[PDB]
Amino acid sequence: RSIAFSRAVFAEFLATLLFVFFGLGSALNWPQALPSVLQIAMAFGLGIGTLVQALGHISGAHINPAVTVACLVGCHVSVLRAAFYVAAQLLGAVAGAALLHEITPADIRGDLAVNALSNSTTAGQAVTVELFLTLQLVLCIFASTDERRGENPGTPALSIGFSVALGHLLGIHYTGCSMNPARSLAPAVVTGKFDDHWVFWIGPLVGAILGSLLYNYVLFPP
Amino acid sequence: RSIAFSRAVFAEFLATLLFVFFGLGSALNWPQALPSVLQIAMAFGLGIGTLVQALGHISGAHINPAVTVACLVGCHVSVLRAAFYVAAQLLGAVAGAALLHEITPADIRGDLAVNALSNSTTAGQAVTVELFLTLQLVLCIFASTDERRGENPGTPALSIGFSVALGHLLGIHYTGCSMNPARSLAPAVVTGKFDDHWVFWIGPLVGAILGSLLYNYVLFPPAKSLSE
Amino acid sequence: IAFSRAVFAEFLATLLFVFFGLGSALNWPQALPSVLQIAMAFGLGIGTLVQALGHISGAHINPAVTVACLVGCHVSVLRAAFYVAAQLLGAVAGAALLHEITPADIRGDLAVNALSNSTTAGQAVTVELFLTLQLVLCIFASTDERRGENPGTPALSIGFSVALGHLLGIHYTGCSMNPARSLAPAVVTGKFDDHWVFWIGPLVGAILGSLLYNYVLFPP
Amino acid sequence: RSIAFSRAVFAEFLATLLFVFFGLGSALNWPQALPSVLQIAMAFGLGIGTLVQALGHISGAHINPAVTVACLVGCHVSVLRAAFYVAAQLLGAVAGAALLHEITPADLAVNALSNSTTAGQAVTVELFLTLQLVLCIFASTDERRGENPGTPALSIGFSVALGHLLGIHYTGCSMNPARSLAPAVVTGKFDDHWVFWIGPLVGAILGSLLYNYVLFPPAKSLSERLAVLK
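Residues numbered from 1 in each chain as written, not as in the entry; some residues may be left out. Chains lettered and ligands numbered in written order. Heavy atoms only, no water. Residues with missing side-chain atoms left out of burial classes, pairs and counts.

This entry, as listed in the PDB, derives from X-ray crystallography and reports a resolution of 3.7000 Å.

Right, here's the structure in full:
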């Protein structure tokens, strides 16, 4: 339709590429030294914040189809821009995890940090967990973008990143914290095992819609 | 216009619910390793930061009856709004603890975090520690949301959240860090562990009160006369 | 009058700073504190204190910072003496309360300042010199009046400065940067081994910093 | 203005000095006190934060030859001040490293592949690291971004933190050739030294190119537009 549209879609592609790459690659490589829950959370959150700043101003930095449909409820995002955004997000995620697999060594590929069931908890409980996780994430993103709220420079990005960090604390203790269908799809399509993939591709979306409607109809309607 | 009041009470309920959720759920689950002190303090701090961000701009996000009483002395003056806010914080807290029990497996149920007197610390020492914790938190909150700092907000949610993180370092080293009567009332009811449950309901409260009093009289009062 | 409210604000700021600082820096036998945990303690502490009492009276929380500002930005000599006095009093009283509330088996030494993993004295004097140098540099360049048209994140920035200075300075000695924070545990426990280095290390550094930032880095 | 230039190059020298001091300092290998990766990334990131604030407001705070070349391509910078900045960065870096040897009982934080697998492609890892770093640095300071004022010294700092997570896991994270040069120059371990110097540079440039030709080209002035139209 326009040129800024193409720059926006490309910014989303590169965004989810760097996010999946830096995230999965940050959490994965465990030699004698070992990454921690708070360390991985700091990784995913900090990456989300950084990309949200830069590409943030170009295209909004959704880096997530769940916040793309939760934004389709009321971010002035068209269904065409929705299709192109989720397309660039899926392809960018798969390209990021794939490039990671190409640059990462061979002893440590392991599970490529695929989210799944942890510590024996049925699928409904994980669905509820992801529901609340992406619910608070979507609440934070819709709050840090409400252009009628005074803010200092760069505080919204840090707040969204820290939200991803907290959601990675609890969500990491339950199902590795999905919060993003592309972030859980990319390592699967790179390495396999679609086991318990329905929770992820369902978890955030429910919450998304919920959260979205909330902040647009029950919490702070315009 | 009571629909804004209803959105406010609902925001208090949902916000306290999420706070108890992420707080306890991220505080107890210790299957493989242990929960690091900085990890729990970061959990509560970043959670309160996020809620104060969103439902902070919607409702102020007290997420705390003690901050509600301190606000009753300071932010406003004598309000059934403070009353209803207390009620919604209680409901949201207990509901969040129960929902946490159901979403979790009956595996790392543990104590559900009834932060008891640890490392051989007495009761009065605990009420004093918690008194100072909620003192510094109430100070930070009253300073961030002051009409004298309304020109540019400047990281209110981040400053408050990090304040909660520090208070969680010290308090966690003492009695698990309360800083919230509802947060201590929910899991003690859901799991039935009532060992030492008056300290917090006494520690924070007066502490918060003291804070308000200080910040409203010995520190920075309203202008006594417009001459200065 | 309002002056007295300011020096009371400094007294309270140092009270809570030393209390929370040494309290979180204490070595508890159920969860060994990490370097990042103590750095976060002091960092976030001075952060929120600088928020509130930074709104009130600048929140120095450091006699060395009060001296650096004395050279720097028109501060009355009696305000500096009263600030340093209230900071020392708040420090010793806060550490005293921490000593009163904490059990005996865990109050190992209230996090006294002692060099470790070998090292001399002047080496600590120049390490601490550079630590307080960067601290006062960030503090001055984050509370500038002729820059006030553009603010920023002053409290968070100063706090995280204290945090990194606590990473390196903790790996060397425990990161002083503050004579009151180093003096209160001393008075509480009569352990004064190589205590003068700090009273000289940070201090002189701050001075340098001030002069530098005001006379070389950004002269009028 | 002839003095403000010297203030700029001197602020660059001092920024690189203290930066290297704290980075390698907290990055040292202490006995019975194993520093965690997040502590290293926190040290470097917060250091970049305070230095980018302090001097950042003084002299823009490059503290990095890679971003100095990047700003030679984009942020309105001549070759003279760029070269002088680079010299100040190298000199300040080796000075800080030497001082850290003056404060260290007798490997100095200099980076090299620790894990021993897929070395050159790790050079590509450096490419992407400085890609995201330069992207965040460019978009942190854009008038078009608005948001009342800009530059959160924090914006650049936390970017450096995450980059330091991934890099520390791979090749200790270069992102800054002076940092990778000083302790090596004072420590005969030049193993795969061409990696680092090549990693950021390429990366940085690409980032600039993207942010200046693909993502958000700058609003050209008429006087420069006449230079591209001649």
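Let's pick the thread back up.
**Some thoughts on the overall build of chain D**
Within chain D, the regular secondary structure consists of 9 helices and 0 strands. Starting at the N terminus and walking to the C terminus, you meet the elements of chain D as α-α-α-α-α-α-α-α-α. Expected size for 230 residues packed as a compact globule is a radius of gyration near 17 Å; at 18 Å, chain D falls within 12% of this value. Dimensions of chain D, computed from C-alpha atoms along their principal axes, come out at roughly 60 × 40 × 35 Å. (Helix = DSSP H or I, 4+ residues; strand = E, 2+ residues; numbered from the N terminus. Rg over C-alpha atoms; globule rule 2.2 N^0.38 Å.)

**Re the interface of chain D and chain C**
As a measure of interface size, the accessible area lost when the parts come together is often cited. Contact with chain D, which involves 35 residues of that partner, is made by 39 residues of chain C. Here chain D packs against chain C, burying approximately 3200 Å² in sum over the two surfaces, 75% of which is carbon and sulfur. Three residues, D:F22, D:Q53 and D:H57, lead the burial of chain D against chain C; their summed loss comes to 19% of the area buried on that side. The interface formed by chain D and chain C contains 0 salt bridges. Counting every contact that joins chain D to chain C gives 6 residue pairs in polar contact. No other element matches helix α2 (residues 37-59) of chain D, which puts 12 residues into the side of chain D that touches chain C. (Contact = heavy atoms within 4.5 Å. Buried area = accessible area lost by both parts, 1.4 Å probe. Salt bridge = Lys/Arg side-chain N within 4 Å of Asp/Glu carboxyl O. Polar contact = N/O pair within 3.5 Å; in protein donor to acceptor, adjacent residues only side chain to side chain.)

**Notes on the pattern of salt bridges**
This structure, assessed with the given rule, holds 6 salt bridges over all chains. The partner of B:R148 in a salt bridge is B:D146, and the shortest N-O contact between them spans 2.8 Å. For B:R148, a relative accessible area of 38% translates into the label partly exposed. Residue C:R146 is joined to C:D144 by a salt bridge in which the shortest nitrogen-to-oxygen separation is 3.6 Å. For C:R146, a relative accessible area of 48% translates into the label partly exposed. (Buried < 20%, exposed > 50% of the residue type's maximum accessible area, 1.4 Å probe, protein only.)

**As for the packing of aromatic side chains**
This model, assessed by the stated rule, comprises 30 aromatic pairs over all chains. Between C:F160 and D:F158, the ring centres sit 6.0 Å apart and the planes meet at 65°, which makes this aromatic pair edge-to-face. Residue C:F160 is located in helix α6 (residues 154-172), and its partner D:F158 is located in helix α6 (residues 153-169); the two belong to separate chains. Here C:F160 and D:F158 have matching classes, each one buried. An aromatic cluster is built from A:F162, B:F162, C:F160 and D:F158, whose rings are joined through pairwise contacts. Between the NZ or CZ atom of A:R148 and the centre of the ring of A:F220, over which it lies, the distance is 3.9 Å. Note that D:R144 overlies the ring of D:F216, its terminal NZ or CZ placed 4.1 Å from the centroid. (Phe/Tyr/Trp six-rings, centres within 6.5 Å; stacked < 30°, edge-to-face > 60°. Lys NZ or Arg CZ within 6 Å of the ring centre and 35° of its normal.)

**Describing the UniProt feature "intramembrane region" in chain D**
Residue and element names in this part refer to chain D. Mapped onto this numbering, the UniProt entry annotates "intramembrane region" at residues 61-70 and 173-185. This span, residues 61-70, is 60% helix and 0% strand, and a straight line between its end C-alpha atoms measures 13 Å. Helix makes up 69% of residues 173-185 and strand 0%, and the two end C-alpha atoms of the span are 17 Å apart. (UniProt positions renumbered as here; feature names shortened; annotations may be inferred.)

**Some details on unusual backbone geometry**
Look at B:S120: it is not a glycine, yet its phi comes out positive at around 60°. By secondary structure assignment, the location of B:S120 is in the loop between α4 (80-103) and α5 (123-144). Positioned with a positive phi, D:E147 is a non-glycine residue whose angle comes to about 60°. Among the structural elements, D:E147 can be located in the loop between α5 (119-140) and α6. With a relative accessible area of 28%, D:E147 lands in the partly exposed category.

**Considering the state of the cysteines**
Taken as a whole, this structure holds 3 disulfides over all chains when the rule is applied. Disulfide partner of A:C71: A:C75, at an S-S distance of 2.0 Å. Looking along the S-S bond of the A:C71-A:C75 disulfide, the torsion reads about -70°, which is the left-handed sense. You can call A:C71 buried: its relative accessible area is 6%. The disulfide partner of D:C71 is D:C75, and the S-S distance across this bridge is 2.0 Å. A torsion of -80° about the S-S bond marks the disulfide between D:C71 and D:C75 as left-handed. Classification of D:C71 by relative accessible area gives buried; the value is 11%. Not part of a disulfide, D:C136 finds its nearest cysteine sulfur in D:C71, a span of 13 Å. (Disulfide = S-S within 2.5 Å.)

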